[PDB]
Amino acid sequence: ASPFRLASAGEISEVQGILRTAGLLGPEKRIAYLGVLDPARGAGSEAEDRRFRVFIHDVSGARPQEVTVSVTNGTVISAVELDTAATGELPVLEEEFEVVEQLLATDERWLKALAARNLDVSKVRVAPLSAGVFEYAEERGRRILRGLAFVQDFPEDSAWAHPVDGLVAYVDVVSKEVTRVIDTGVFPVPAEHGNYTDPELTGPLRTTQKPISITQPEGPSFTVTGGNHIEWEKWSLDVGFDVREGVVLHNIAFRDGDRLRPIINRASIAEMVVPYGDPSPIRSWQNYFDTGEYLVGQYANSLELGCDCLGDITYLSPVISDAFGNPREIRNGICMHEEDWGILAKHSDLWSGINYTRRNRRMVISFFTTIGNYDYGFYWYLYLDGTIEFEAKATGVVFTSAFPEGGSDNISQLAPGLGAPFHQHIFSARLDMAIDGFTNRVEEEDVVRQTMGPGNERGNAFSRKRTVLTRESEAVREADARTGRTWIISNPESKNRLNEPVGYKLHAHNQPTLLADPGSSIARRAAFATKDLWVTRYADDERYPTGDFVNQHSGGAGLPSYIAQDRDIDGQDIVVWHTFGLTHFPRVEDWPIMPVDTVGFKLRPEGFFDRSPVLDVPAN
């Protein structure tokens, strides 16, 4: 009954029917993206109108279409033909992942290159990589995929151990033509295997790890109603799932006594890019927008009990559409559970003789996705004290190359002859703010050092300053770890008992942002990644920091364009977009398989409550 419920198999079947009927679905059509639309803030419309947005590709070569259907009324609300050269190509179809290797296998230029390296073509795997936009004029308007080769000695062999450097191919996946084969030179193909399940590599497994049992004899403290509505320790929210963004959080609110107070209207990771810093032409075009170009939600893993999610787990199995409009369920794709989080508050008072100790807990909502060589875990945490946090865990197998003789300023050696090009994993968290409602503003808070002199004779004083961001043209901010810079989102019309606008403070990790030269294509295509914080006026069509069609889009889409509107954000319905990421110079320890590396951010109440919101937690 909730308009925020997860899409049903039936709704997806219904979208397929509606499309078929309107002639929008046929033999050469493929659904590149399908997802339910969020309500448009105005529940006075009553009843219910579940709309779905669909990106439709044409395998023949016809122009793709963006269509919005209404499943409640069984109608097509809109259907527009897209000029991809103008607005960008559609998301890479999973069924195109095989195409690059197949087309190359019969290409004489490709075969020539493999022959010179004495590589058996039936053993050469080709990775279907996004192309981006560079100097290839003939690529505009065409759906191109690039391929890098890796040798797979046998079926269960890890091909990443055997990159074939000095060679790269470009393929038009619609016309099915290999547009180009570049061979800069032969590089020895690294010989050592990276088979982490091979006992010759692992060695005898440890027998020292004793069991750790995490159990809840009375069940979890959270309740799930309406399929995806969670209620836990004063928190209330709806767990959504979109094929592009993955787990999305809706209506995050906290029941402060009598009122259910909203905090964040919608929380999601709206983009996730992996730019490479190897200037070799074989890889210099490499930039994977895992969310925008590949769609991380579709590759979500089915999480095994005990192994991926330990303790008392409650699962959600979201349903998505396949290339033909048929619903596909991602069994056990989302984990929900609460975990102990050490000490919450503690004080042993001499004067009162009272010794007080309370334990903390966090509600966890997570999913794990696989995009080629990388695997990422997305974790959302809600704490007892009102803190909200996001954490991304990056693992998988590093993307390899050959390690140049003479070394490299842009690649690190992992094994003999094996290299790992430098890269970053940069995320964008889109936070549609609702601090006690939609009338919000953001202030940049810096610590302020003071000079010893009149009024500060001992030179011990230090303060803080807050600068309200009033217009979008002033809402593109950078980090300043040195002055403890943070950003506070408040409601200027909702004050706490001390008469101060209630608020929440965003604590960033202050990791480096996009390193690429400002004039590079990736800098223009992923401009969101060049700054730590952006603030925009809400707009239902401004969903991604990189725009709706990221694949081969020329640049400037998303945030730089939205920000150009210079709308009033001082006490308005606003959205915070936080850029955060990892900068990787892979180590030997990252080979053969990478141990988890993490990054994230969190928001803590800043005068939101009238006192500590955790005084009612029992000693237990």
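For clarity, a rigid core is taken as the largest C-alpha set superposing within 1.5 Å between two forms. Numbers for residues come from their place in the sequence shown, where the first is 1.
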Checklist outcome for this item: Core superposition done, the stretch whose Cα atoms deviate more in 7 other deposited structures of this protein, picking from 558-566 and 35-43, is 35-43
Next on the checklist: I need to verify one thing: averaged over C-alpha atoms only, is the B-factor higher for 467-475 or for 258-266?
Outcome noted: 258-266
Checklist entry - Comparing 165-173 with 365-373, which stretch shows the greater average C-alpha B-factor in the deposited entry? => result 165-173
Checklist entry - Among 139, 548, 238, 242, which residue carries the highest C-alpha B-factor recorded in the PDB entry? => result 139
Checklist entry - Per the coordinate record, which of the options 63, 587, 578, 567 holds the highest CA temperature factor? => result 63
Checklist entry - When the modelled residues of the chain are sorted by Cα temperature factor, does residue 482 land in the lowest, middle or highest third? => result middle
Checklist outcome for this item: residue 118: CA B-factor among chain residues, third -> middle
Checklist entry - Can you tell me which third, lowest, middle or highest, the CA B-factor of residue 379 falls into for its chain? => result lowest
Checklist outcome for this item: residue 43: CA B-factor among chain residues, third -> highest
Next on the checklist: Based on the deposited C-alpha B factors for this chain, I'd like to know if residue 134 is in the lowest, middle or highest third.
Outcome noted: highest
